>>> print(open('model-v1.pdb').read())   # PDB, C-alpha atoms
ATOM      1  CA  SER A   7      -8.767   7.939  15.429  1.00  0.00           C
ATOM      2  CA  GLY A   8      -7.705  11.546  15.133  1.00  0.00           C
ATOM      3  CA  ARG A   9      -3.985  11.809  14.653  1.00  0.00           C
ATOM      4  CA  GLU A  10      -2.979  12.974  11.233  1.00  0.00           C
ATOM      5  CA  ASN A  11       0.379  11.287  10.965  1.00  0.00           C
ATOM      6  CA  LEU A  12       1.881   9.683   7.901  1.00  0.00           C
ATOM      7  CA  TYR A  13       2.069   6.012   7.252  1.00  0.00           C
ATOM      8  CA  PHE A  14       5.340   4.476   6.253  1.00  0.00           C
ATOM      9  CA  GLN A  15       6.084   3.590   2.706  1.00  0.00           C
ATOM     10  CA  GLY A  16       5.768  -0.127   2.948  1.00  0.00           C
ATOM     11  CA  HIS A  17       5.985  -3.105   0.701  1.00  0.00           C
ATOM     12  CA  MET A  18       3.060  -2.875  -1.614  1.00  0.00           C
ATOM     13  CA  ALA A  19       2.246  -4.432  -4.933  1.00  0.00           C
ATOM     14  CA  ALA A  20       4.641  -2.822  -7.351  1.00  0.00           C
ATOM     15  CA  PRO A  21       3.756  -2.559 -11.079  1.00  0.00           C
ATOM     16  CA  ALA A  22       6.174  -5.197 -12.297  1.00  0.00           C
ATOM     17  CA  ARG A  23       4.311  -5.813 -15.501  1.00  0.00           C
ATOM     18  CA  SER A  24       3.001  -9.250 -14.617  1.00  0.00           C
ATOM     19  CA  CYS A  25      -0.185 -10.225 -12.830  1.00  0.00           C
ATOM     20  CA  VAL A  26       0.162 -13.038 -10.448  1.00  0.00           C
ATOM     21  CA  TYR A  27      -2.966 -14.909  -9.763  1.00  0.00           C
ATOM     22  CA  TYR A  28      -3.553 -16.202  -6.351  1.00  0.00           C
ATOM     23  CA  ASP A  29      -6.323 -17.977  -4.589  1.00  0.00           C
ATOM     24  CA  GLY A  30      -6.628 -15.766  -1.640  1.00  0.00           C
ATOM     25  CA  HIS A  31      -9.303 -14.077   0.236  1.00  0.00           C
ATOM     26  CA  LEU A  32      -6.580 -12.015   1.816  1.00  0.00           C
ATOM     27  CA  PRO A  33      -3.073 -11.211   0.496  1.00  0.00           C
ATOM     28  CA  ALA A  34      -1.982 -13.529   3.297  1.00  0.00           C
ATOM     29  CA  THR A  35      -3.880 -16.729   2.435  1.00  0.00           C
ATOM     30  CA  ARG A  36      -2.987 -16.385  -1.244  1.00  0.00           C
ATOM     31  CA  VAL A  37      -2.116 -19.586  -3.162  1.00  0.00           C
ATOM     32  CA  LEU A  38       0.154 -19.199  -6.190  1.00  0.00           C
ATOM     33  CA  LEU A  39      -1.838 -20.071  -9.291  1.00  0.00           C
ATOM     34  CA  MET A  40       0.233 -18.496 -12.106  1.00  0.00           C
ATOM     35  CA  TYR A  41       2.054 -15.488 -13.480  1.00  0.00           C
ATOM     36  CA  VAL A  42       0.532 -13.796 -16.511  1.00  0.00           C
ATOM     37  CA  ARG A  43       2.284 -11.141 -18.521  1.00  0.00           C
ATOM     38  CA  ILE A  44       0.487  -7.808 -18.678  1.00  0.00           C
ATOM     39  CA  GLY A  45      -1.228  -7.727 -21.986  1.00  0.00           C
ATOM     40  CA  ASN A  46      -1.885 -11.409 -22.194  1.00  0.00           C
ATOM     41  CA  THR A  47      -4.706 -13.785 -21.560  1.00  0.00           C
ATOM     42  CA  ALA A  48      -4.673 -16.877 -19.412  1.00  0.00           C
ATOM     43  CA  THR A  49      -7.022 -19.711 -18.618  1.00  0.00           C
ATOM     44  CA  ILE A  50      -6.817 -19.923 -14.819  1.00  0.00           C
ATOM     45  CA  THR A  51      -7.997 -23.214 -13.555  1.00  0.00           C
ATOM     46  CA  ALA A  52      -8.797 -23.150  -9.886  1.00  0.00           C
ATOM     47  CA  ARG A  53     -10.955 -25.727  -8.124  1.00  0.00           C
ATOM     48  CA  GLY A  54     -11.817 -27.145 -11.495  1.00  0.00           C
ATOM     49  CA  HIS A  55     -13.119 -23.827 -12.698  1.00  0.00           C
ATOM     50  CA  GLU A  56     -11.373 -22.119 -15.551  1.00  0.00           C
ATOM     51  CA  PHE A  57     -11.387 -18.381 -15.612  1.00  0.00           C
ATOM     52  CA  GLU A  58     -10.174 -16.990 -18.881  1.00  0.00           C
ATOM     53  CA  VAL A  59      -8.475 -13.805 -17.762  1.00  0.00           C
ATOM     54  CA  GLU A  60      -6.669 -11.033 -19.426  1.00  0.00           C
ATOM     55  CA  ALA A  61      -3.993  -9.267 -17.486  1.00  0.00           C
ATOM     56  CA  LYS A  62      -5.233  -5.842 -18.499  1.00  0.00           C
ATOM     57  CA  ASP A  63      -3.086  -3.531 -16.482  1.00  0.00           C
ATOM     58  CA  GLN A  64      -0.335  -3.653 -13.847  1.00  0.00           C
ATOM     59  CA  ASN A  65      -2.811  -2.711 -11.121  1.00  0.00           C
ATOM     60  CA  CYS A  66      -3.799  -6.327 -11.688  1.00  0.00           C
ATOM     61  CA  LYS A  67      -7.482  -6.708 -11.248  1.00  0.00           C
ATOM     62  CA  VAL A  68      -8.789 -10.042 -12.156  1.00  0.00           C
ATOM     63  CA  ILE A  69     -10.815  -9.233 -15.181  1.00  0.00           C
ATOM     64  CA  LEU A  70     -12.055 -12.053 -17.172  1.00  0.00           C
ATOM     65  CA  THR A  71     -11.716 -11.867 -20.799  1.00  0.00           C
ATOM     66  CA  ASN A  72     -14.786 -14.051 -21.144  1.00  0.00           C
ATOM     67  CA  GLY A  73     -16.828 -11.217 -19.711  1.00  0.00           C
ATOM     68  CA  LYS A  74     -17.189 -12.464 -16.195  1.00  0.00           C
ATOM     69  CA  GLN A  75     -16.398 -11.122 -12.797  1.00  0.00           C
ATOM     70  CA  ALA A  76     -14.254 -13.461 -10.736  1.00  0.00           C
ATOM     71  CA  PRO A  77     -14.937 -14.630  -7.153  1.00  0.00           C
ATOM     72  CA  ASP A  78     -13.629 -12.607  -4.209  1.00  0.00           C
ATOM     73  CA  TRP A  79     -11.091 -15.328  -3.506  1.00  0.00           C
ATOM     74  CA  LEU A  80      -9.510 -14.972  -6.912  1.00  0.00           C
ATOM     75  CA  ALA A  81      -6.822 -12.338  -6.633  1.00  0.00           C
ATOM     76  CA  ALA A  82      -4.112 -10.940  -8.787  1.00  0.00           C
ATOM     77  CA  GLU A  83      -1.202  -8.759  -7.788  1.00  0.00           C
ATOM     78  CA  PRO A  84       1.768  -7.592  -9.860  1.00  0.00           C
ATOM     79  CA  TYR A  85       4.763  -9.835  -9.137  1.00  0.00           C
TER      80      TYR A  85
END
>>> encode(input="model-v1.pdb", output="structure tokens")
Amino acid sequence: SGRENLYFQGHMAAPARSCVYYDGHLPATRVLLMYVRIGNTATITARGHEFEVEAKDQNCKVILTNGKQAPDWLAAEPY
């Protein structure tokens, strides 16, 4: 609880200018859907549901270009 100590610089999602869409509730159970270039749109079909996304920024939120919010299981991380 109370020990102000630093945390190691660890492997995190690095802004690699591509958003990689995964079906994953966690960054562990993630299933590789596709790689989208930052600044491009992509129809993500998962479970027979198409999510038209736009890889807005290299933080890689899953923001649908159709105006929707995606399910919690739909993740994106920069490659």
>>> residues_around(input="model-v1.pdb", residues="residue 71 (chain A)", least_positions_apart="2", cutoff="7 Å", atoms="only C-alpha atoms", output="VMD selection string")
chain A and resid 58 to 60 69 73
>>> closest_residue(input="model-v1.pdb", among="A:21, A:70, A:12, A:28", to="residue 57 (chain A)", atoms="only C-alpha atoms")
A:70
>>> resolve_selection(input="model-v1.pdb", expression="the PyMOL selection byres ((chain A and resi 66-68) around 8)", output="ChimeraX atom specification")
/A:24-27,59-65,69-70,75-76,80-84
>>> residues_near_point(input="model-v1.pdb", point="(-10.8, -25.6, -9.6)", cutoff="12 Å", atoms="all atoms listed in the file", output="list in words")
residues 29, 39, 49, 50, 51, 52, 53, 54, 55, 56, 57, 77, 79 and 80 of chain A
>>> atom_distance(input="model-v1.pdb", atom1="CA of residue 78 (chain A)", atom2="CA of residue 48 (chain A)")
18.2 Å
>>> atom_distance(input="model-v1.pdb", atom1="CA of residue 47 (chain A)", atom2="CA of residue 85 (chain A)")
16.1 Å
>>> atom_distance(input="model-v1.pdb", atom1="CA of residue 40 (chain A)", atom2="CA of residue 20 (chain A)")
17.0 Å
>>> residues_near_point(input="model-v1.pdb", point="(5.9, -1.6, -22.3)", cutoff="10 Å", atoms="all atoms listed in the file", output="VMD selection string")
chain A and resid 23 44 to 45
>>> build_atoms(input="model-v1.pdb", residues="region 22-52 of chain A", atoms="N, CA and C atoms", output="mmCIF file, keeping the file's coordinate frame")
data_model
loop_
_atom_site.group_PDB
_atom_site.id
_atom_site.type_symbol
_atom_site.label_atom_id
_atom_site.label_comp_id
_atom_site.auth_asym_id
_atom_site.auth_seq_id
_atom_site.Cartn_x
_atom_site.Cartn_y
_atom_site.Cartn_z
ATOM 1 N N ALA A 22 5.049 -4.462 -11.756
ATOM 2 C CA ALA A 22 6.174 -5.197 -12.297
ATOM 3 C C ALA A 22 5.865 -5.830 -13.630
ATOM 4 N N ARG A 23 4.784 -5.379 -14.193
ATOM 5 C CA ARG A 23 4.311 -5.813 -15.501
ATOM 6 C C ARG A 23 4.006 -7.310 -15.631
ATOM 7 N N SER A 24 3.493 -7.893 -14.583
ATOM 8 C CA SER A 24 3.001 -9.250 -14.617
ATOM 9 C C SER A 24 1.918 -9.337 -13.559
ATOM 10 N N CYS A 25 0.848 -10.059 -13.814
ATOM 11 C CA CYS A 25 -0.185 -10.225 -12.830
ATOM 12 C C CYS A 25 -0.069 -11.629 -12.342
ATOM 13 N N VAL A 26 -0.051 -11.769 -11.062
ATOM 14 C CA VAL A 26 0.162 -13.038 -10.448
ATOM 15 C C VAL A 26 -1.115 -13.397 -9.763
ATOM 16 N N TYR A 27 -1.680 -14.473 -10.209
ATOM 17 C CA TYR A 27 -2.966 -14.909 -9.763
ATOM 18 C C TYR A 27 -2.814 -15.812 -8.583
ATOM 19 N N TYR A 28 -3.569 -15.503 -7.578
ATOM 20 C CA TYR A 28 -3.553 -16.202 -6.351
ATOM 21 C C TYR A 28 -4.956 -16.515 -5.911
ATOM 22 N N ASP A 29 -5.096 -17.643 -5.280
ATOM 23 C CA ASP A 29 -6.323 -17.977 -4.589
ATOM 24 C C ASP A 29 -6.158 -17.452 -3.191
ATOM 25 N N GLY A 30 -6.767 -16.352 -2.920
ATOM 26 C CA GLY A 30 -6.628 -15.766 -1.640
ATOM 27 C C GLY A 30 -7.663 -14.746 -1.386
ATOM 28 N N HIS A 31 -8.289 -14.945 -0.282
ATOM 29 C CA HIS A 31 -9.303 -14.077 0.236
ATOM 30 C C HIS A 31 -8.605 -12.827 0.762
ATOM 31 N N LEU A 32 -7.414 -13.049 1.270
ATOM 32 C CA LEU A 32 -6.580 -12.015 1.816
ATOM 33 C C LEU A 32 -5.273 -12.142 1.074
ATOM 34 N N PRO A 33 -4.413 -11.121 1.095
ATOM 35 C CA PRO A 33 -3.073 -11.211 0.496
ATOM 36 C C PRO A 33 -2.150 -12.079 1.364
ATOM 37 N N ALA A 34 -2.715 -12.646 2.413
ATOM 38 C CA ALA A 34 -1.982 -13.529 3.297
ATOM 39 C C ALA A 34 -2.216 -14.997 2.939
ATOM 40 N N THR A 35 -3.468 -15.350 2.680
ATOM 41 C CA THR A 35 -3.880 -16.729 2.435
ATOM 42 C C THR A 35 -3.819 -17.108 0.948
ATOM 43 N N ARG A 36 -3.122 -16.282 0.204
ATOM 44 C CA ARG A 36 -2.987 -16.385 -1.244
ATOM 45 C C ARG A 36 -2.186 -17.632 -1.686
ATOM 46 N N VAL A 37 -2.753 -18.398 -2.598
ATOM 47 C CA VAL A 37 -2.116 -19.586 -3.162
ATOM 48 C C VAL A 37 -1.679 -19.255 -4.582
ATOM 49 N N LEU A 38 -0.431 -19.521 -4.898
ATOM 50 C CA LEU A 38 0.154 -19.199 -6.190
ATOM 51 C C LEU A 38 -0.474 -20.052 -7.297
ATOM 52 N N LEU A 39 -1.239 -19.404 -8.153
ATOM 53 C CA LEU A 39 -1.838 -20.071 -9.291
ATOM 54 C C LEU A 39 -0.920 -19.963 -10.508
ATOM 55 N N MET A 40 -0.641 -18.736 -10.942
ATOM 56 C CA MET A 40 0.233 -18.496 -12.106
ATOM 57 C C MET A 40 0.561 -17.030 -12.296
ATOM 58 N N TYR A 41 1.581 -16.803 -13.098
ATOM 59 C CA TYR A 41 2.054 -15.488 -13.480
ATOM 60 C C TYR A 41 1.644 -15.235 -14.927
ATOM 61 N N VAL A 42 0.942 -14.158 -15.171
ATOM 62 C CA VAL A 42 0.532 -13.796 -16.511
ATOM 63 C C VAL A 42 1.173 -12.470 -16.854
ATOM 64 N N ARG A 43 1.685 -12.357 -18.046
ATOM 65 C CA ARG A 43 2.284 -11.141 -18.521
ATOM 66 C C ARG A 43 1.181 -10.118 -18.742
ATOM 67 N N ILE A 44 1.450 -8.879 -18.388
ATOM 68 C CA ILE A 44 0.487 -7.808 -18.678
ATOM 69 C C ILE A 44 0.327 -7.732 -20.183
ATOM 70 N N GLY A 45 -0.892 -7.811 -20.597
ATOM 71 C CA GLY A 45 -1.228 -7.727 -21.986
ATOM 72 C C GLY A 45 -1.374 -9.097 -22.576
ATOM 73 N N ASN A 46 -1.677 -10.057 -21.737
ATOM 74 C CA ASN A 46 -1.885 -11.409 -22.194
ATOM 75 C C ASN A 46 -3.046 -12.043 -21.465
ATOM 76 N N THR A 47 -3.599 -13.041 -22.083
ATOM 77 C CA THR A 47 -4.706 -13.785 -21.560
ATOM 78 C C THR A 47 -4.233 -15.098 -20.973
ATOM 79 N N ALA A 48 -4.981 -15.593 -20.026
ATOM 80 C CA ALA A 48 -4.673 -16.877 -19.412
ATOM 81 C C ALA A 48 -5.883 -17.577 -18.818
ATOM 82 N N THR A 49 -6.046 -18.822 -19.202
ATOM 83 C CA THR A 49 -7.022 -19.711 -18.618
ATOM 84 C C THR A 49 -6.536 -20.105 -17.212
ATOM 85 N N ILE A 50 -7.187 -19.613 -16.192
ATOM 86 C CA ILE A 50 -6.817 -19.923 -14.819
ATOM 87 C C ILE A 50 -7.694 -21.045 -14.359
ATOM 88 N N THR A 51 -7.155 -22.189 -14.093
ATOM 89 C CA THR A 51 -7.997 -23.214 -13.555
ATOM 90 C C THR A 51 -7.779 -23.243 -12.055
ATOM 91 N N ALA A 52 -8.845 -23.102 -11.318
ATOM 92 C CA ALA A 52 -8.797 -23.150 -9.886
ATOM 93 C C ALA A 52 -10.053 -23.832 -9.411
#
